[PDB]
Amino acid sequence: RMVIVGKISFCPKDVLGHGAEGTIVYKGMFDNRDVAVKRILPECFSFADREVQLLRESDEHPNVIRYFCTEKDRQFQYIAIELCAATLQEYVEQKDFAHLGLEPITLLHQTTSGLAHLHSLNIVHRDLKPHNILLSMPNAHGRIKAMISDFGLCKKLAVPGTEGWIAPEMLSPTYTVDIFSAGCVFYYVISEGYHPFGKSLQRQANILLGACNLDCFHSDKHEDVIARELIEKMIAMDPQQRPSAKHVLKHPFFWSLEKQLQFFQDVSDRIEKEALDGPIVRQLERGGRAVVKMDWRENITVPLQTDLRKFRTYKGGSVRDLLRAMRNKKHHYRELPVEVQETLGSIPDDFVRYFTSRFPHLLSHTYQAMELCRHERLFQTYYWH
């Protein structure tokens, strides 16, 4: 029993799912492609054709879903969007929805990026949640991407946003409300379903209080330490403490294994031929013993320790020495004995995961102390301005 008003056509029996306050979404058509069509009560939700036009007239960013065309029926409003396979909540809640085929952290880099694109054109999303981060259907080689949908519309005194993800200062807007929401979603994904506030019913309450958890992050894992450090600044109750949408992208939390290793070698070079009295070297072993674990020669594999002893030249209490030794072994890698090669290798992946596995706080620390040289030529890929 089809309908037209098109432009967009559809059938009312192909219901994708109900939205907020009347708004419902069915599966319709357009050119001759399958499309998701969303009917909204003009009395409830206010489209901003202005923003969306700034989006169209601007260059396509592949992580912000596209609005095909808009139609204003006499009593309604109708919108057409890319029939995505699922929202983030599907991806997160049934691991086997068949990603297959799409990494969590890259999903987060995409989401955060599309968001950076939105914040670029001075448009704020104001309702970021897993239900508004949709995953497309398999591409040409069967890859899947992440796009932010349902951005640009709002409510007209029927508080913007959705209970559970509403930045706290918006209860009592700029980009920070979107950053906060995003932080909650990073935690939603990484932790495979939990929320930092954390159960549905007391969620918005605890947000307004300041109650977090992040109990998923052990403090003995490199990965978890970095994730925690980022999310904390993301969901900071003082909205000024919240990272810029792009600042988030630049953070360690995303870095390739190659990137991390490179960072260790680059630090090891830049702090070389630099005296101990200097600011950098002084600051770098400020935490000293703690990150190195007293003697770092003592925490590693036997072959490595054996080889190292023959040079030392190597402290064991100095982070700087662990970095110099890392850089060194990476440099002379091919001409190293087979024993060590097997204990360390491959490269960069297993080589850098070797040292961060055994010094969870190494990267975190080095990166913190090396903040001094943020403006330098080499360190631009690592830090923000």
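Numbers follow the displayed sequence, beginning with 1.
- In this entry, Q240 and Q241 are joined directly, with no residue of the deposited sequence lacking coordinates between them.
- Counting the unmodelled positions of the deposited sequence between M137 and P138 gives zero.
- If you average the C-alpha B-factors over 298 to 306 and over 107 to 115, the higher value belongs to 298 to 306.
- Higher mean CA B-factor, judged across 93 to 101 and 143 to 151 from the recorded values: 93 to 101.
- Residues shown: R74, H131, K250, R270. Highest C-alpha temperature factor in the entry: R74.
- Of the candidates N32, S357, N63, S346, the deposited coordinates give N32 the top C-alpha B factor.
- For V340, the recorded CA B-factor ranks within the middle third of the chain. Only modelled residues enter the ranking.
- The deposited CA B-factor of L157 belongs to the highest third of values across its chain.
- The PDB entry assigns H125 a C-alpha temperature factor belonging to the middle third of its chain's modelled residues.
- When the modelled residues of the chain are ordered by their C-alpha B factor, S244 lands in the middle third.
- Per the deposited record, the Cα B-factor of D178 falls in the middle third when ranked against the other modelled residues of its chain.
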